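Numbering (the deposited numbering), first residue to last: 2 to 333. Okay, structure first, notes after.
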Ligand SMILES: Nc1ccn([C@@H]2O[C@H](CO)[C@@H](O)[C@H]2O)c(=O)n1
Ligand code: NI
Ligand code: NI
């Protein structure tokens, strides 16, 4: 206001900020998947450090054993936590039922939308846009003109990555074959390994793994192949969610230390967890809203890493065309 004549002083010794307690509930696996779950957890840990908290004293994670465990994990979380993140589209129905039971608590669904629930915020990422950039990169480096995509679970979410990836590859060279295989799980490394083994055997020189912890198998297969060959015949992996450059270190057959990560799509799940936790604690929880992260706000990106200069220029050009609306990336 212009003036505030009726005012009273509050001494700093009497003032306090009321904190919140935040928990993530996993859709499958732990907080060491080197991707989705880990990004969320490092976010929550960073938030905890900023607020002088520690694990099980202000923040924690509940690992889900199956779909049947979602409801039980959310109900357990409601004992001590007043901000609860369902990390993954699979938690949709369970988060919806939990928010209706506990109208005094705040819930966040990561990667999916719940409508008409005042205590639920939804967060989506334009993974089609980051996928497109990964496709431009893949198309500018493949020598076999054959690339692979290993999906976790067939879904709207993984279809965004897949549609974006195909469109990006075709934007550079439509001749390039994309082999698509799904593991049917985000926590099945053994299946990631067999799919990657077959994709590489069928002549892919690059595999984009978009399957969470299932992707550990794709890294395992590419490492084994690359260790038993010369450096100049290595096959590539594209990283997902986190910059996975450090996961691609190996020694070739001819004793050269190298790296088989070409590029990584980024999905700033951690940053969203920290930002929404800060908003919940300040009493500004965005209940009932859908928060869309895209290339524009750097909620998704491509880490260029080991890409050729001509690759980086095609990526910069594709990014500019996505931001200005010149290129519309398909979501399916
Ligand atoms: N446990 C997991 C792991 C991953 N995902 C989805 O798969 C994408 C690639 O890791 C992630 O970005 C995410 O969309 C998931 O839904 N649940
Ligand atoms: Ni004023
Ligand atoms: Ni007064």
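All C-beta atoms, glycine included, are put in the ideal place defined by N, C-alpha and C.
Counting pairs of beta carbons, one from the region 137-150 and one from the region 104-119, are three or more of them closer than 8 Å?
They do not touch, by the three-pair rule.
Less than 7 Å between the beta carbons of residue 312 and residue 142, yes or no?
The sequence position of residue 312 within the chain shown is 311, counting from 1. The sequence position of residue 142 within the chain shown is 141, counting from 1. Contact: yes.
Tell me the rounded alpha-carbon separation between residue 216 and residue 210.
Indexing the chain shown from 1 puts residue 216 at position 215. Indexing the chain shown from 1 puts residue 210 at position 209. So the alpha carbons of these two residues sit roughly 5 Å apart.
Run the CB neighbour count on residue 245, radius 10 Å, all protein chains shown included, and call it buried at 16 or more, exposed below.
Residue 245 sits at position 244 when you count from the first residue of the chain shown. Classification for residue 245: buried.
So residue 26 and residue 71 are supposed to be a Cβ contact under 8 Å. How far apart are they, rounded?
The residue given as residue 26 occupies position 25 in the chain shown. The residue given as residue 71 occupies position 70 in the chain shown. Sure, about 7 Å apart at Cβ, within 8 Å.
Can you list the alpha helix (DSSP H) stretches of 4 or more residues lying completely in the region 176-247, in chain order?
Taking only runs of at least 4 residues, the alpha helix (DSSP H) segments lying wholly in the region 176-247 are 190-202 and 216-228.
Out of 88, 280, 228 and 5, point me to the one whose CA is closest to residue 48's CA.
As a working mapping, residue 48 is identified with position 47 in the chain shown. Measuring from the Cα of residue 48, the nearest candidate turns out to be 280.
Closer than 6 Å to a non-hydrogen atom of ligand 1 - does that hold for the CB of residue 241?
In the chain shown, residue 241 corresponds to position 240, counting from 1. It does: the Cβ of residue 241 is within 6 Å (strictly closer) of some heavy atom of ligand 1.
Residues in the same chain with beta-carbon distance under 7 Å from residue 186, minus the five sequence neighbours each way, listed in chain order, please.
To locate residue 186, count along the chain shown from 1; it is residue 185. Cβ neighbours of residue 186 beyond the five flanking positions: 153, 154, 192 and 215.
Report whether the distance from the Cβ of residue 123 to the nearest heavy atom of ligand 1 is below 6 Å.
Numbered from 1 along the chain shown, position 122 holds the residue referred to as residue 123. Because no heavy atom of ligand 1 lies under 6 Å away, the Cβ of residue 123 does not count as near it: no.
Rank 2, 3 and 330 by C-alpha distance to the C-alpha of residue 167 and give the top, closest one.
Looking up residue 167 in the chain shown gives position 166. It is 330.
Just how far apart, CA to CA, sit residue 261 and residue 194?
What you label residue 261 is simply residue 260 of the chain shown in a count that begins at 1. What you label residue 194 is simply residue 193 of the chain shown in a count that begins at 1. Cα to Cα, residue 261 sits roughly 16 Å from residue 194.
Residue 269: which of 103, 128 and 144 sits nearest, CA to CA?
Looking up residue 269 in the chain shown gives position 268. Measuring from the Cα of residue 269, the nearest candidate turns out to be 128.
Judging by CA-CA distance, which residue of 98, 111, 106 and 69 is the nearest neighbour of residue 88?
Position 87 of the chain shown, counting from 1, holds the residue named residue 88. The shortest C-alpha separation from residue 88 is found at 111.
Put residue 21 into one of helix, strand or coil per three-state DSSP.
Numbered from its first residue, the chain shown carries residue 21 at position 20. Here residue 21 sits in coil by DSSP.
For residue 4, count the other beta carbons within 10 Å of its own beta carbon; 16 or more makes it buried, fewer makes it exposed. Which is it?
Residue 4 sits at position 3 when you count from the first residue of the chain shown. Residue 4 should be labelled exposed.
Under 6 Å: does the beta carbon of residue 35 sit that close to some heavy atom of ligand 1?
Here residue 35 corresponds to residue number 34 of the chain shown, with the count starting at 1. No, ligand 1 has no heavy atom inside 6 Å of this Cβ.
Where the beta carbon is closer than 6 Å to any heavy atom of ligand 2, which residues qualify, in chain order?
Cβ atoms closer than 6 Å to ligand 2 belong to 2 and 5.
Shorter than 6 Å, the distance from the beta carbon of residue 112 to the closest heavy atom of ligand 1, or not?
Mapped onto the chain shown, residue 112 falls at position 111. Checking the Cβ of residue 112 against ligand 1 gives yes.
Using the Cα positions of residue 22 and residue 59, report the straight-line distance between them to the nearest angstrom.
The count along the chain shown starts at 1 and reaches residue 22 at position 21. The count along the chain shown starts at 1 and reaches residue 59 at position 58. Straight-line Cα distance between these residues: approximately 5 Å.
Would you say the region 32-50 touches the region 271-278, given that touching needs at least three Cβ pairs under 8 Å?
Yes: the two stretches touch, three or more of their Cβ pairs being nearer than 8 Å.
Which term fits residue 332, buried or exposed, when burial requires 16 or more other beta carbons within 10 angstroms of its beta carbon?
Numbered from its first residue, the chain shown carries residue 332 at position 331. Residue 332 should be labelled exposed.
Rounded to whole angstroms, how far is the Cβ of residue 149 from the Cβ of residue 200, which I believe are closer than 8 Å?
Here residue 149 is taken as the residue at index 148 of the chain shown, counted from 1. Here residue 200 is taken as the residue at index 199 of the chain shown, counted from 1. Rounded, the Cβ-Cβ distance is 4 Å, consistent with contact.
Could you tell me the alpha carbon to alpha carbon distance between residue 86 and residue 225, rounded to whole angstroms?
Looking up residue 86 in the chain shown gives position 85. Looking up residue 225 in the chain shown gives position 224. Spanning the two alpha carbons is a distance of roughly 37 Å.
Could you give the DSSP three-state label for residue 304: helix, strand or coil?
Taking the first residue of the chain shown as 1, we reach residue 304 at position 303. DSSP places residue 304 in strand when its eight states are reduced to three.
What three-state label does DSSP hand residue 101 in the structure shown?
For the purposes of this step, residue 101 is taken as the residue at position 100 of the chain shown. Residue state, collapsed to three classes: helix.
Going by alpha carbons, who is nearest to residue 310 out of 108, 263 and 321?
In the chain shown, the residue the question calls residue 310 occupies position 309. Among 108, 263 and 321, the Cα nearest to that of residue 310 is on 263.
Can you name the start and end residues of the alpha helix (DSSP H) that residue 252 belongs to?
Against the chain shown, residue 252 aligns to sequence position 251. Unbroken run through residue 252 is the beta strand (DSSP E), 250-252; no alpha helix (DSSP H).
Run through DSSP, which three-state label would residue 159 get?
Taking the chain shown and counting its residues from 1, the one referred to as residue 159 is at position 158. If DSSP states are grouped into helix, strand and coil, residue 159 belongs with the helices.
Quick one: measure Cβ to Cβ for residue 77 and residue 63, integer angstroms, because I've assumed they're closer than 8 Å.
The count along the chain shown starts at 1 and reaches residue 77 at position 76. The count along the chain shown starts at 1 and reaches residue 63 at position 62. 6 Å between Cβ atoms; contact.
Can you list, in chain order, the residues of its chain with a C-beta nearer than 7 Å to that of residue 196? Leave out the 5 residues immediately preceding and following it.
Reading the chain shown from its first residue, position 195 is the one you call residue 196. Closer than 7 Å at Cβ, skipping near neighbours: 151, 182 and 184.
Less than 8 Å between the CB atoms is what I'm expecting for residue 82 and residue 24, so what's the real figure, rounded?
Numbered from its first residue, the chain shown carries residue 82 at position 81. Numbered from its first residue, the chain shown carries residue 24 at position 23. Sure, about 4 Å apart at Cβ, within 8 Å.
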